[PDB]
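Undergrad: Got a structure here, written out as structure tokens. Questions coming.
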Amino acid sequence: XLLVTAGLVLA
Amino acid sequence: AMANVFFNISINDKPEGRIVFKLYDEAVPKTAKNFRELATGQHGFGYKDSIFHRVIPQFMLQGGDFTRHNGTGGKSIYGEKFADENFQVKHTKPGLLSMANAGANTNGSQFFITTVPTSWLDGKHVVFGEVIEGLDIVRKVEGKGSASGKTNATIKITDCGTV
């Protein structure tokens, strides 16, 4: 999806 | 505790000019202090010579991983992570600075600059400033990104600090 995560990148 | 922050940006080593940010110290003083002092490099490390490693058109520019340059690193002036200070400012417009994280209370040094409103991130990512000059440079960098976030040119912060 649209996320801004630091290492586990999600859909 | 109040000066605006600048990044000089190059794209494949071509200087593109300066982005200037106003930080929201009155809303998030701990978060703003972290970004400002990583930009000045006063603790001996920070954003100078780092890259934007994940750029997604119509969404945001992600950078600030000055230890691993790929999303797996970064550290704050308070240590490897610090708490979400609050979520009072929302992702209402292009050009906002907000903290990237790996779940609750995992802020370090990675941040993003929005190119659209990103309201679905409200309450999960701390918003802490805004672009006041150089949104054109933000849009130029944005065009070097892709849906996966991979860039087709190196986007570098060649100098940074306070104005």
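Undergrad: Can you tell me which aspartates and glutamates have their Cα less than 17 Å from the Cα of B:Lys81? Leave out same-chain residues fewer than eight positions away.
TA: B:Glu37, B:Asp65
Undergrad: Then there is this: In nm, what is the difference between 0.36 nm times the number of residues separating B:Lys22 and B:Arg68 and their Cα-Cα distance? Walk me through the numbers on the way to the answer.
TA: On the way: separation 46, 0.36 × 46 = 16.56 nm, distance 2.67 nm.
Stretched fully, the B:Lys22-B:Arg68 segment lengthens by 13.9 nm.
Undergrad: Before anything else, pin down the relative contact order of the range B:70-163: Cα pairs under 8 Å, at least 6 apart, normalised by residue count, whole percent.
TA: It rounds to 26 percent for the range B:70-163.
Undergrad: Can I ask one more? Mind listing the phi-derived Karplus ³J(HN,Hα) values for the range B:109-123, rounded to whole Hz, using 6.51, -1.76 and 1.60 with θ = phi - 60°, and x for any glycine or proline?
TA: 10, 6, 9, 9, 10, 6, 10, 9, x, 10, 5, 5, 8, 4, x
Undergrad: Here's another thing I want to ask about it. Tell me, what HN-Hα J-couplings in whole Hz come from the Karplus equation 6.51 cos²θ - 1.76 cosθ + 1.60 at θ = phi - 60° for each residue of the range B:128-134, using x for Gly and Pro?
TA: Couplings: 9, x, 8, 5, 10, 8, x Hz.
Undergrad: Which shape class, rounded, prolate or oblate, goes with chain B when its Cα gyration tensor gives a ≥ b ≥ c as root eigenvalues, a/c under 1.5 marks rounded, and past that a/b bigger than b/c marks prolate? Before the final figure, lay out each step's value.
TA: Working: a/c = 1.33, a/b = 1.18, b/c = 1.13.
Rounded, since a/c falls under 1.5.
Undergrad: Could you tell me whether the range B:57-96 comes out rounded, prolate or oblate from its Cα gyration tensor? Rule is a ≥ b ≥ c as square roots of the eigenvalues, rounded for a/c under 1.5, then prolate if a/b exceeds b/c, otherwise oblate.
TA: In terms of gyration-tensor shape, oblate.
Undergrad: Now for a different question. Using 7 Å Cα-to-Cβ label points, what is the B:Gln42/B:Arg139 separation (nm, one decimal)?
TA: For the pair B:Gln42/B:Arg139, the computed spacing is 3.5 nm.
Undergrad: Given that compact globular proteins tend to follow 2.2 N^0.38 Å, what is the ratio of the alpha-carbon Rg of the protein assembly as shown to that value?
TA: Numbers: Rg = 14.1 Å, N = 174, 2.2 N^0.38 = 15.6 Å.
This ratio for the protein assembly as shown stands at 0.90.
Undergrad: Taking the Cβ of B:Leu38 as the centre, find all other residues whose Cβ is under 11 Å away and add up their charges (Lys, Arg: +1; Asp, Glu: -1).
TA: Here the charged neighbours net out to +3.
Undergrad: Could you check the simple spin-label distance between B:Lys150 and A:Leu10, using points 7 Å along Cα→Cβ, in nm with one decimal?
TA: Going by the 7 Å Cα→Cβ label model, 2.5 nm.
Read the figures in this text as sums done on the coordinates, not as results from a lab. Note that each Cβ is placed from the backbone with ideal geometry, even for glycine, and that neighbours are counted across all protein chains shown.
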